[PDB]
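Novice: Just so we're aligned: the sequence shown equals residues 51 to 273 in my numbering.
Input: one structure, supplied below.
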Amino acid sequence: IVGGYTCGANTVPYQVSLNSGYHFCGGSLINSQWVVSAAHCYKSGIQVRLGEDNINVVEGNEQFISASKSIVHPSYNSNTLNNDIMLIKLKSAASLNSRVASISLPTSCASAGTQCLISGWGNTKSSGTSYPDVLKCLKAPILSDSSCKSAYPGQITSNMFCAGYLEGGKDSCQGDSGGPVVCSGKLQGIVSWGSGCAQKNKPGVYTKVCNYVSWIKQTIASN
Ligand SMILES: [Ca+2]
């Protein structure tokens, strides 16, 4: 997160870190046994880390649970990033509490102008590299489909939306991938892609979660 703020420990209780020896992507807890992330975050050997603030210190609210199964969206295209979504099932159920909590899935899509909270442990510089230890947060609005398409000609599908600031300076970044975009208490987006970070006229691009709720619910019901 570039241009954001320190969230505060466990104030984003559905935020997870995906760990394969090191943090490499975010995710969102959607029930006691399932996590939603970005397909481009797929790898084997995932440990899900719940309850994290400082990802380099054991502070007392963590739950570390191995993935038992990963399911990349059937139609994921790694070249275009269309359908950049994946589900991860935990080997055991998380113990849900005030600091480790699921986020509601949307019943309807969000609209341009709605404010949302984006979070993660990704890079905090746009012309630099600095990775935070504690969770960072950014409040940002959804942008219109037309301004999204104008920012990224020929690249925005119906499964993508833009959010952030055309002026630059405030965005998600490398290492935030897979993490949440939550709007009015609903998971509406997944950190997916963008040209650099926090660059003028190059807002973040997010997977549009509302398009996937049918797939998510049926997948959970059969696995
Ligand atoms: Ca920790």
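Here a beta-carbon is modelled for each residue, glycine too, at the ideal position from N, C-alpha and C.
Tell me, which residues are paired with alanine 248 by DSSP?
Specialist: Partner(s): none; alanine 248 has no beta bridge.
Novice: For a quick check, are the C-beta atoms of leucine 216 and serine 196 less than 8 Å apart?
Specialist: No. Outside cutoff.
Novice: Does the distance from the C-beta atom of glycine 228 to that of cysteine 91 stay below 8 Å?
Specialist: Going by C-beta atoms, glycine 228 is nearer than 8 Å to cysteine 91.
Novice: Comparing alpha-carbon positions, which option in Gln165, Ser142, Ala88, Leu100 lies nearest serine 128?
Specialist: Per the Cα distances, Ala88.
Novice: Nearest to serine 148 by alpha carbon, out of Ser264, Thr61, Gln249, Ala248?
Specialist: The shortest Cα separation from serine 148 among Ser264, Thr61, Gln249, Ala248 belongs to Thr61.
Novice: So, for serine 67: in the same chain, excluding its five sequence neighbours on each side, which residues have a beta-carbon less than 6 Å away from its beta-carbon?
Specialist: Only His73, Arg99, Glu102, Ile105 meet the Cβ criterion.
Novice: With H, G and I counted as helix, E and B as strand and the rest as coil, what does DSSP make of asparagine 111?
Specialist: Note: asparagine 111 maps to coil in three-state DSSP.
Novice: Give me the residue from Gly77, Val232, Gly246 with the minimum Cα distance to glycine 178.
Specialist: Taking only the C-alpha atoms, the option nearest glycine 178 is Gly246.
Novice: With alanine 201 as the anchor, note down where its alpha helix (DSSP H) starts and where it stops.
Specialist: First-last of the alpha helix (DSSP H) with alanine 201: 195 to 201.
Novice: Output yes or no for whether 8 Å exceeds the beta carbon distance between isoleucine 51 and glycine 170.
Specialist: Their beta carbons are under 8 Å apart, which means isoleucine 51 touches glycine 170 by this criterion.
Novice: Helix, strand or coil for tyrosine 256 per DSSP?
Specialist: Correct three-state label for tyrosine 256: strand.
Novice: Among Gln165, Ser82, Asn261, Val184, which has the Cα closest to the Cα of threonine 174?
Specialist: When each option's Cα is compared against that of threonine 174, the closest is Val184.
Novice: Return yes when the C-beta of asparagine 69 is under 7 Å from any heavy atom of ligand 1, and no when it is not.
Specialist: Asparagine 69: no, Cβ never under 7 Å from ligand 1.
Novice: Among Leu79, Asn81, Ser78, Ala117, which one has its Cα closest to the Cα of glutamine 97?
Specialist: Here the closest residue by C-alpha is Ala117.
Novice: Assign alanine 162 to one of three DSSP states: helix, strand, or coil.
Specialist: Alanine 162: coil per DSSP, three-state reduction.
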